[PDB]
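In: As a preliminary step, the opening chains of the complex are given here in situ:
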Amino acid sequence: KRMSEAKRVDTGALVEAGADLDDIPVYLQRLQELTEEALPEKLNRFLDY
Amino acid sequence: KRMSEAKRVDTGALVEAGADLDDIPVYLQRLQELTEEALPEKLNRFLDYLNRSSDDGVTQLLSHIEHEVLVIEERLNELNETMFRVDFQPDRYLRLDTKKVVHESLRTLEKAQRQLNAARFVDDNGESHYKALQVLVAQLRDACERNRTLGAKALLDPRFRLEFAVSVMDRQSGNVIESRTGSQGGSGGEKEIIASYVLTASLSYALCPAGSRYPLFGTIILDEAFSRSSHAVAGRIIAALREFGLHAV
């Protein structure tokens, strides 16, 4: 259920793999990547610029 | 997976539904309901309104514009006929001429129309019919938002569907000698002759009641006399005015 919910909101990355107990590693890799960039946490300084 | 997909596509009829087997009958109810009732109803609605729109659709507008251009064709002949009864020069009379406009938009509309005709006969429950209708209506919309543009004018205005010209006629043989102002020039003061003559003739015709050989009303107002013209042009104008029997002020 959770993988499908993630697929619903994805844009461009989960598009490739499916959703099964063998696909899992791709999801975690994407989460690690979107944690490295720390991107979602620039928001309230950029809304100033 | 299947039910999660269905709820993802769901518009909201399955909002309260969950994700486990026991909820399955809820989904099946919607499946059977949609299949049996909703789809036939919507099909009938759409096809019925399209059939109504088929008679009331753009075809009537196109026919109306064709009728208006036909009316213009009619009346121009009557004024052209009246000019045979008088002479623009001591040896000549004058004749009107017209032609069709060729701005490409009209040809595109022609193609869209001829394609739309066939699409009604396609056995698809009105699908291709609707597609062609939308495609054609696109032209009308675009012209409407740009009515000022000459292309939209030609699309919608009967006056811009055709062009006009005038021929010099031999009073003796009735033959044409020329169809152009081959003496135009100077400071542009010569063009006024033919323009003033034709305008005067049209005004003369407009004031003749049904079958009246004369106009019933004879007063005409010309403010500023001949400010633009030279000497002899005024004499020509006044002679023409006398020929039609008006009362100048």
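Out: The structure has been received and is ready for your questions. Numbers count the residues shown, from 1 in each chain, chains lettered A, B, ... in the order given.
In: Can you confirm whether the host helix or strand of residue A:32 lies near chain B?
Out: For residue A:32, the host element (DSSP states H and E) is helix A:24-36. No: judged by C-beta under 8 Å from any C-beta of the partner chain, helix A:24-36 stays clear of chain B, getting no closer than 15.5 Å. Every C-beta, even on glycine, is put in place using the N, C-alpha and C of the backbone.
In: Quick check: next helix or strand after that helix?
Out: helix A:43-46.
In: circling back to that earlier point, could you dump the helix holding residue A:32 to PDB, C-alpha only?
Out: Output of helix A:24-36 as PDB, limited to C-alpha atoms (Å, rounded to 0.1, in the frame of the first residue of the first chain):
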ATOM      1  CA  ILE A  24      12.100  -2.000  -2.200                       C
ATOM      2  CA  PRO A  25      15.800  -1.100  -2.600                       C
ATOM      3  CA  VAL A  26      15.100   1.600  -5.200                       C
ATOM      4  CA  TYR A  27      12.700   3.400  -2.900                       C
ATOM      5  CA  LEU A  28      15.300   3.600   0.000                       C
ATOM      6  CA  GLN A  29      18.000   4.800  -2.400                       C
ATOM      7  CA  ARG A  30      15.800   7.600  -3.500                       C
ATOM      8  CA  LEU A  31      15.000   8.600   0.100                       C
ATOM      9  CA  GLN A  32      18.700   8.600   0.900                       C
ATOM     10  CA  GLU A  33      19.400  10.900  -2.100                       C
ATOM     11  CA  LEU A  34      16.600  13.300  -1.100                       C
ATOM     12  CA  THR A  35      18.100  13.300   2.400                       C
ATOM     13  CA  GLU A  36      21.600  14.100   1.100                       C
END
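In: Further, place chain C onto the existing structure:
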Amino acid sequence: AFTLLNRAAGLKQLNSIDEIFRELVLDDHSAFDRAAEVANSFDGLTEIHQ
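Out: Chain C, in position alongside the others:
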């Protein structure tokens, strides 16, 4: 005729014969109004189709 007359009182512009026809002799009767409502009803039909 009883408005064309009023036009005659101010006749000064004679750029083209066909222009003179289109501006003084004929009438306009352009059908922009018809097209607007025709397309707007087509929108309602499009909603059912959608």
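In: Contacts for the helix holding residue A:32 next, please.
Out: Here helix A:24-36 makes contact (C-beta atoms under 8 Å, 6 or more residues apart in numbering or on different chains) with A:3, A:6, A:13-14, A:16-17, A:40.
In: Try it again at 6 Å.
Out: Helix A:24-36 is contacted from outside by A:13, A:17, using C-beta atoms under 6 Å, 6 or more residues apart in numbering or on different chains.
In: Report the buried residues of it.
Out: A:26-27 (16 or more other C-beta atoms under 10 Å in any protein chain shown).
In: between it and helix A:2-9, how many degrees?
Out: 60 degrees (axes from the mean of the first three to the mean of the last three C-alpha atoms, to 10 degrees).
In: Just give me how far helix A:24-36 sits from the chain centre.
Out: Computed by C-alpha atoms, centre = their mean, to the nearest Å, the chain-centroid distance of helix A:24-36 equals 7 Å.
In: Same question for stretch C:38-48.
Out: On C-alpha atoms, centre = their mean, the centre of stretch C:38-48 falls 24 Å from the chain's centre.
In: Further, place chain D onto the existing structure:
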Amino acid sequence: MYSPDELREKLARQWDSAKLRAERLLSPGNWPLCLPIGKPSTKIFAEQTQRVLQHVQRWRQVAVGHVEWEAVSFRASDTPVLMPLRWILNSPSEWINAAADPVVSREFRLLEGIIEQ
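Out: Now chain D, sitting on the chains shown earlier:
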């Protein structure tokens, strides 16, 4: 443009002739039997668009016998459009189906019995 009604009426008029019934039983060479539907032309198609489409709709719903179909080009149409041209009945049973009257059944059965009875 003949609707199925006119062709059916013509077949019934033929049925009025006892000799035609007798020959169509005694001379199976009378079968198959067919009638034309109409002659489409641009003079009709050009402005009778909806009427022609509705006539085609009516003929589309016919099942008895068979209906001939093919595409006819017209000046106002960008491509050829399917049209019906013929309606075919293959056996006396089809002719009786078209006639569809109690007296028709009476005479058909009575004559098919008389020839043997």
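In: Once more for the contacts of helix A:24-36, now including chain D?
Out: So helix A:24-36 is contacted by A:13, A:17 (C-beta under 6 Å, 6+ apart).
In: do stretch D:108-117 as well
Out: Applying C-beta under 6 Å, 6+ apart, the external contacts of stretch D:108-117 come out as residue D:96.
In: mind running it again at 10 Å?
Out: D:15, D:18, D:21-22, D:25-26, D:92-93, D:95-96, D:99, D:101 (C-beta atoms under 10 Å, 6 or more residues apart in numbering or on different chains).
In: Now residue C:46: closest residue in space that isn't a chain neighbour?
Out: Leaving aside its sequence neighbours, residue C:46 sits nearest to residue B:134 (C-beta to C-beta, 6 or more residues apart in numbering or on different chains; 7.1 Å).
In: so who does the closest residue to chain A within chain C touch?
Out: Closest residue of chain C to chain A, C-beta to the nearest C-beta: residue C:50 (22.8 Å). Going by C-beta under 10 Å, 6+ apart, residue C:50 touches residue B:46.
In: can you rerun that using 6 Å?
Out: Residue C:50 sits next to no residue when contact means C-beta under 6 Å, 6+ apart.
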